[PDB]
Amino acid sequence: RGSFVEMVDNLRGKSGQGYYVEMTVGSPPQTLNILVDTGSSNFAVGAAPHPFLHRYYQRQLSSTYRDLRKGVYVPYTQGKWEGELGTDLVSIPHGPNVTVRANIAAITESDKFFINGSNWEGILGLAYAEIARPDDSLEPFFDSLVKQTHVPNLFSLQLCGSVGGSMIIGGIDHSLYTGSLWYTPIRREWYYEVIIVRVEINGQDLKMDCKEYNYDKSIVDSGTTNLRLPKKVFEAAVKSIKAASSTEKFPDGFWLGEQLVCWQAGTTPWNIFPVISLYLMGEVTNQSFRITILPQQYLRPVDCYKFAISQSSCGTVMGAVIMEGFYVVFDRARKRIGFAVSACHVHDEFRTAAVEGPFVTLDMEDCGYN
Ligand SMILES: COc1cccc(OC)c1CN1CCC(NC(=O)CCCS)CC1
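Going by the header, the method for this PDB entry is X-ray crystallography, and the resolution given is 2.30 Å.

Per the PDB entry, the recorded name for the protein chain is Beta-secretase 1, and the organism is Homo sapiens. Annotation of the protein chain in UniProt includes, under Sequence similarities, the sentence "Belongs to the peptidase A1 family."

**Let's talk about the domain arrangement of the protein chain**
Here the domain parsing of the protein chain yields domain 1 (19–151) and domain 2 (152–370). Its C-alpha centre places domain 1 at a distance of 28 Å from the equivalent point of domain 2. Interface area, domain 1 with domain 2, both sides summed: about 2000 Å², of which 65% is carbon and sulfur. Interface area lost by domain 1 to domain 2 is led by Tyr19, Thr38 and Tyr128, which between them contribute 41%. In this assembly, domain 1 and domain 2 are joined by 1 salt bridge. The partner of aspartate 143 in a salt bridge is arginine 332, with the nearest N and O atoms 3.0 Å apart. Taken together, the links from domain 1 to domain 2 amount to 11 residue pairs in polar contact. The set of elements that each furnish at least two residues to the side of domain 1 that touches domain 2 consists of β2 (19–25), β3 (30–37) and α1 (141–148). Top element by residues in the side of domain 1 that touches domain 2 is α1. It accounts for 4 residues. A class-by-class count of the residues in the side of domain 1 that touches domain 2 yields 12 nonpolar, 5 polar and 3 charged.

**A few points about the nonpolar core**
Soluble, globular proteins show a tendency: their nonpolar side chains are buried together. Counting residues in each nonpolar core, the largest one holds 105 residues, and the members touching the most others are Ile291 and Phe339. In this structure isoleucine 291 touches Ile276, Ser277, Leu278, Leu280, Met318, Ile322, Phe326, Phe339, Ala354 and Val355, once residues within four positions along its chain are discounted. Counting 15 residues, the second largest nonpolar core, distinct from the first, contains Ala44, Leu53, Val72 and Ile107.

**Examining the environment of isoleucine 241**
Along the chain, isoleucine 241 falls in helix α2 (residues 231–244). Judged by relative accessible area, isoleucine 241 falls into the buried class, the value being 1%. The spatial distance from the C-alpha of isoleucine 241 to the C-alpha of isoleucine 276 is 9.2 Å, given a sequence separation of 35 residues. Ignoring any residue separated from it by four or fewer positions in sequence, one finds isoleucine 241 in contact with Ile201, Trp255, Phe273, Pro274, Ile276, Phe307 and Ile309.

**Some words on the UniProt feature "disulfide bond" in the protein chain**
Sulfur atoms bridged by a disulfide sit less than 2.5 Å apart; for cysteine 160 and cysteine 344, annotated as such a bridge in UniProt, the distance of 2.0 Å is consistent with the bond. Given a relative accessible area of 24%, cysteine 344 falls into the partly exposed group. The sulfur atoms of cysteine 262 and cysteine 304, a pair UniProt annotates as disulfide-bonded, sit 2.0 Å apart here, close enough for the bond to be present.

**Description of the pattern of salt bridges**
Throughout the structure, instances matching the rule amount to 14 salt bridges. Residue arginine 55 pairs with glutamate 121 through a salt bridge whose shortest N-O separation is 3.2 Å. Of the two residues, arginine 55 is situated in the loop between β4 (43–46) and β5 (66–75) and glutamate 121 in the loop between β7 (100–111) and β8 (122–125); the sequence distance between them amounts to 66 residues. A residue is classified by how much of its surface remains accessible, and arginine 55, at 30% relative accessible area, is partly exposed. Judged by its relative accessible area of 0%, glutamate 121 is buried. The residue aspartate 205 makes a salt bridge to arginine 198 at a minimum N-O spacing of 3.0 Å. Overall, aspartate 205 belongs to the partly exposed group, its relative accessible area being 32%. Given a relative accessible area of 29%, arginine 198 falls into the partly exposed group. Each of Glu283, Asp331, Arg334 and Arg336 takes part in salt bridges that share partners, so that together they form one network.

About the criteria used
- Residues numbered from 1 in each chain as written, not as in the entry; some residues may be left out.
- Heavy atoms only, no water.
- Residues with missing side-chain atoms left out of burial classes, pairs and counts.
- UniProt positions renumbered as here; feature names shortened; annotations may be inferred.
- Domains from an automatic or database assignment.
- Buried area = accessible area lost by both parts, 1.4 Å probe.
- Salt bridge = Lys/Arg side-chain N within 4 Å of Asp/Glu carboxyl O.
- Polar contact = N/O pair within 3.5 Å; in protein donor to acceptor, adjacent residues only side chain to side chain.
- Helix = DSSP H or I, 4+ residues; strand = E, 2+ residues; numbered from the N terminus.
- Nonpolar A, V, L, I, M, F, W, Y, C, P; charged D, E, K, R; others polar.
- Core = buried A, V, L, I, M, F, W, Y, C linked by side-chain atoms within 4.5 Å.
- Buried < 20%, exposed > 50% of the residue type's maximum accessible area, 1.4 Å probe, protein only.
- Contact = heavy atoms within 4.5 Å.
- Disulfide = S-S within 2.5 Å.

Dropping the structure here:
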């Protein structure tokens, strides 16, 4: 409790391609690299020789595999993945020293799911059963882990922007953050849903209705790269970012993500870009705290940079942009999410990412969409 040296630096990845952990499935253990995703609830792995894959789940080689005789089809905006459901012995080599029987979706057909040149072969859905496919009766991995072992109902993520990080399963590592942890309530157990109560652009309020910041929902999602903002909020935020950075010239398609902006090595103007503070609902009535991100977080290197704030039709998504500045504690036991300044985040001598509180905010319940 507090250390967990085995789990430090157990995450790897490429910028914009997500963070993956090493896992084993079946017996004898079949090693796979698995994308860590707090925005979904299915443990799904490649099970067929797709050309993009380094390796895949071979059920015939596993003596402990049990077929569920059920299929799962998961469509989305770009493509899909389809798989066959079963259960097997699942373990995390650089995690807790345990082995559990968990549900595995063996992917047999996919479109625009696997990435050409990537080093991961599956996805670990760490969200709740409510958004699991085909339905809520299929138990997610972490629910199975807690139920079958003495591992506490908690995990934390330190994502550092080759890219790396740490997933601490069953606890918190105090070396991975500086200062204090600040907790925001999980509004509902489906996605990791939170409530944003105020937004500042360089210490300046957007003066919008706080219900707009959570239009539909607001979520913490390690599977999304960008900081996704509601259309009305995005429009207001970019306008304030445009005005704050008027010293340098940028094309119109850049803010929409249709074009990149490039600068000479070491000549990237950070100071011209504003900081972004998100005020989150606190644990106490009328009490809030704020998390502040640097341009280092929302300007993602592709020195060519992409604008990593995008308009969304599904609510606020606090992706890797937000998460890379902070140590994030998914305290499932107490239905809350902790934020603290990451010990590994990208910062300069001028400005640093911050978690500050407490603040006074009234009518925070009105910010949640119904
Ligand atoms: C199965 O989905 C895919 C498909 C291709 C790549 C991929 O890995 C980045 C995933 C995994 N992951 C699922 C959950 C998704 N998150 C959301 O639905 C919230 C945003 C809407 S407001 C993010 C993507």
